[PDB]
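**Student:** opening with a subset of the complex:
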Amino acid sequence: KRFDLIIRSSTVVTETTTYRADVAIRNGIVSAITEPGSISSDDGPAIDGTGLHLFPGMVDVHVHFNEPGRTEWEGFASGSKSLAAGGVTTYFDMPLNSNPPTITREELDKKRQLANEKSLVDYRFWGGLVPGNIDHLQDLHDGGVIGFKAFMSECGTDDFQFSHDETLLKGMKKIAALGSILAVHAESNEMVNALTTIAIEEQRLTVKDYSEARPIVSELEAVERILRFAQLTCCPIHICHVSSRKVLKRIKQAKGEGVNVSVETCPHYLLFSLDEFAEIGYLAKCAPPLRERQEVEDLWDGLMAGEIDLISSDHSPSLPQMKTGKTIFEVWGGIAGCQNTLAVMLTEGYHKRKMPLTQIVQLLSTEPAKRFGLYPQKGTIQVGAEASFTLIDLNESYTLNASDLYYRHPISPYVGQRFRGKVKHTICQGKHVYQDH
């Protein structure tokens, strides 16, 4: 026992390269990387990783585990259980649906302790920016939040209020002075509910109608607005779940001009179109809505061309009764998918569309860690860095069924999907945290 654990016989895949090696863990950090078989068989406990690929532990910057207050939607226990099954070793819990929201330093501390008790993998926390809490932002940053999250349009439960233009500007001035970053749900509030009201009036209750009631142009307006505020405030900004390449091109234009902006998408915008929205029905309702097939196809072209900074789940679960309603406008929208993010990426990106695995690491691990100041500690397989990684058999086929899910409620639009590439092991900070079977 010279080392606490050793991964044997794998291919290490990184954000830039692949190579065969043994990786030796000591006190939760990587101690030694060696040529295959170089370390004595009597020098520590070993995971047999022959025929498997070792990715760095995925960093998911967008989850809603909803504990406390709406703990019965997910919880820190089942939430972090799901992530380990999907190869995720670090997650950033969003400040909302959690009730009260993570609005103050006190409300953070209560969430912090429930994560310290129930979470299987490592955690960080989003602070909340709402109309009231401009004095609380300083305190939240001292509480150690990785960033802040405001909403540009009304969403879900109305105890987390969306920010009007005055709130956004005052918060950003403070957040920039804090040396932090603000994430936004960029939809255009008044375009959204004006078009929704029209759609409910006219009995147009299809999946396409929902998509057009919160259209791409609405995403473009809110993105354009927030970029301009960012330019004034010099506040680093992150744009959550973009559905369309049209929006990515506008962010590219801003990046070229000098704006400190990142942009994410989510794997359901990569997997499902309006056709799949129709057939799955209510489980595939999200904000922003799913778009047409042409639009999904163009979004992959954006990803391939480096127009997306990172991928995150936007794991947004609810009580199974909330997913049933009158029509598409009645259903509480959001996708339960954080266990399957790596799976769809590997399946549709690597096997189907021939994206390199190096870019899967970059998008789901490395850039999430860089953008929030956790690099090279996280997002890497290197000497000195945190020993958080995941072993994947890249060629293992499986139909996902509800029995596989570790979500508090096993219901998903990904149920009945055929994947290829299965996580077999997940190691978080030295601790053997998940094994298949």
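**Tutor:** Arrived safely, thanks for sending. Numbering: from 1, shown residues only, chains lettered A, B, ... in the order given.
**Student:** ok, residue A:255 touching residue A:248?
**Tutor:** No - applying CB atoms under 8 Å, one finds residue A:255 not in contact with residue A:248, separated by 10.1 Å. No exception for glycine: its C-beta is placed from N, CA and C like everyone else's.
**Student:** those two: who's more crowded?
**Tutor:** residue A:248 (24 against 16; other CB atoms under 10 Å).
**Student:** tell me which residues of the helix or strand hosting the more buried one are tucked away?
**Tutor:** Using DSSP states H and E, residue A:248 sits within helix A:245-257. Using 16 or more other CB atoms under 10 Å as the test for burial, helix A:245-257 gives A:245-248, A:250-252, A:254-255.
**Student:** quick check: angle from the very next helix or strand once past it to helix A:245-257?
**Tutor:** Next helix or strand after helix A:245-257 toward the C-terminus (DSSP H and E): strand A:261-265. Put simply, strand A:261-265 runs at 160 degrees to helix A:245-257, going by axes from the mean of the first three to the mean of the last three CA atoms, to 10 degrees.
**Student:** what lies in contact with strand A:261-265?
**Tutor:** A:61-62, A:227, A:230, A:236-243, A:247-248, A:251, A:254-255, A:299, A:303, A:307-312, A:367, A:371 (CB atoms under 8 Å, 6 or more residues apart in numbering).
**Student:** specify the local secondary structure of the residue nearest to residue A:226 when sequence neighbours are not counted.
**Tutor:** Closest residue to residue A:226 apart from its sequence neighbours, by CB to CB, 6 or more residues apart in numbering: residue A:184 at 5.4 Å. Going by DSSP: H, G, I helix; E, B strand; the rest coil, the secondary structure assigned to residue A:184 is strand.
**Student:** now for chain B, put it on the one above:
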Amino acid sequence: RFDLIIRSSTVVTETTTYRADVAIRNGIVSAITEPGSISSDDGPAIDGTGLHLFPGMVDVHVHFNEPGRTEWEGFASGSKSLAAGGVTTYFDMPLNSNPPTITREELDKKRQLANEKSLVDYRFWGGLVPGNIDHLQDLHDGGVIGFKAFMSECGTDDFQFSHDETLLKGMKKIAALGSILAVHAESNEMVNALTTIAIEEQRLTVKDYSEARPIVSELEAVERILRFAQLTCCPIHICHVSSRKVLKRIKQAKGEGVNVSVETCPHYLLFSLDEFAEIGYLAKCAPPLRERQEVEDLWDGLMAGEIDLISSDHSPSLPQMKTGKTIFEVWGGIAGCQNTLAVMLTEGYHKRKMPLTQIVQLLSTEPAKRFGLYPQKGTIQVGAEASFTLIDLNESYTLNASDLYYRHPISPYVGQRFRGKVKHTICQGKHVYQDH
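**Tutor:** Let me put chain B in with the others:
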């Protein structure tokens, strides 16, 4: 036989120049002929030898402030100034007038007040405020040329700015009426958060006012209105744009299909931030004047074709209204609708070698095209309205208060050296202004 004949001048239009005599009958053009074709005793004549005949300028943005705040300007001392600037048609803005043109009942009161007072032709801007979609179809059949809304907390008191809810409801209907919405494109919350900060920190220079309502505020607002345009299919007009960065954004939007027009005003083209502090207070406007590099950029855009039309944004107030402790204390606006052609001729044609045809285009013809009065206005052609102005191009002069026909003889253009004076203005066949 002819009611009036303009003799021996050089005609200048939106595309060409030629030496001709122009014959006028019943308020329209009846013949255009080679010099001296018509005998001396076929009607009263005006000697335009040495001069150039431009079609009457059309100024789509004036505030004459009547009724309510008449003593600021008024329809008489407004149209008097316009004729002295070579302007034969104007559109009056609904704000500053008290109470503003919201209903048809407030419209027709302003309509027939201009029947008594107005020397030249007139059209009216309808108003769009918080909740008045009830009166929009009404105002359109009341013959308005378009509608106006503010995106900035400005006007006076109670021309309140239209937020996103109002803007989108308005545009939906304006599209269906088959007309057009003009906007004051400044970002409301960007404006009065940066204004508050600059007041407390004793930063009271004109550069500090300029940065309080910055170019990025214009950009944010223009962008927002362009998307709202795209959603609702409403034709749109961006008022007084101060920078080519804002124009560049509109050119991109034009390429993507958006029905936008954009204007700028002479003060943005003449006065910079150096000239702001030098003149001082009377150079305050919304958006503010920018740095010298920005004024030079704006010219490059104009020359490139990035501006659709020119208007004055004639925004007048009392002398004592241009008095305060600081630059923010003051009610801002520039009186200059007599000088619109004058500065254009001087700065563009003489100084920066812009062709005369292009100054007809931006000050007369495109104002006419954009709002549906072409080729009735904006032209010298047979059958068009006999509205033109005679100019001695090369004629130099200095402008002072005594020359101005405004209600209040105060303007930042006072003391400026112009080259290009208007000698005559004919409006609808009537000889409406003569210099000496």
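**Student:** rewinding a little: for the helix holding residue A:248, packing partners?
**Tutor:** Where contact means 3 or more CB pairs under 8 Å, 6 or more residues apart in numbering or on different chains; DSSP states H and E, helix A:245-257 is packed against helix A:216-233, strand A:261-265, helix A:293-304.
**Student:** out of those, nearest to chain B?
**Tutor:** Closest of the helices and strands packed on helix A:245-257 to chain B is helix A:216-233, at 3.8 Å (criterion: CB to the nearest CB).
**Student:** get me the contact residues on chain A for chain B.
**Tutor:** Neighbours of chain B within chain A, by CB under 8 Å from any CB of the partner chain: A:164-166, A:169-170, A:188-191, A:194-195, A:215, A:217-218, A:220-221, A:224-225, A:228-229, A:231-232.
**Student:** distance of the residue nearest in space to the middle of chain A from residue B:26?
**Tutor:** Taking CA atoms, centre = their mean, the centroid of chain A lies closest to residue A:312, which sits 2.3 Å from it. For residue A:312, the distance to residue B:26 (CB to CB, to the nearest Å) stands at 73 Å.
**Student:** try residue A:267
**Tutor:** Relative to residue B:26, and taking CB to CB, residue A:267 is found at 74 Å.
**Student:** rewinding a little: give the PyMOL command for selecting the buried subset of the residues of chain A next to chain B.
**Tutor:** Of the residues of chain A next to chain B, the buried ones can be selected in PyMOL as follows, counting by 16 or more other CB atoms under 10 Å in any protein chain shown:
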select buried, chain A and resi 165+169+170+188+189+190+191+194+195+215+217+218+220+221+224+225+228+229+231+232
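**Student:** nothing else from me, thank you.
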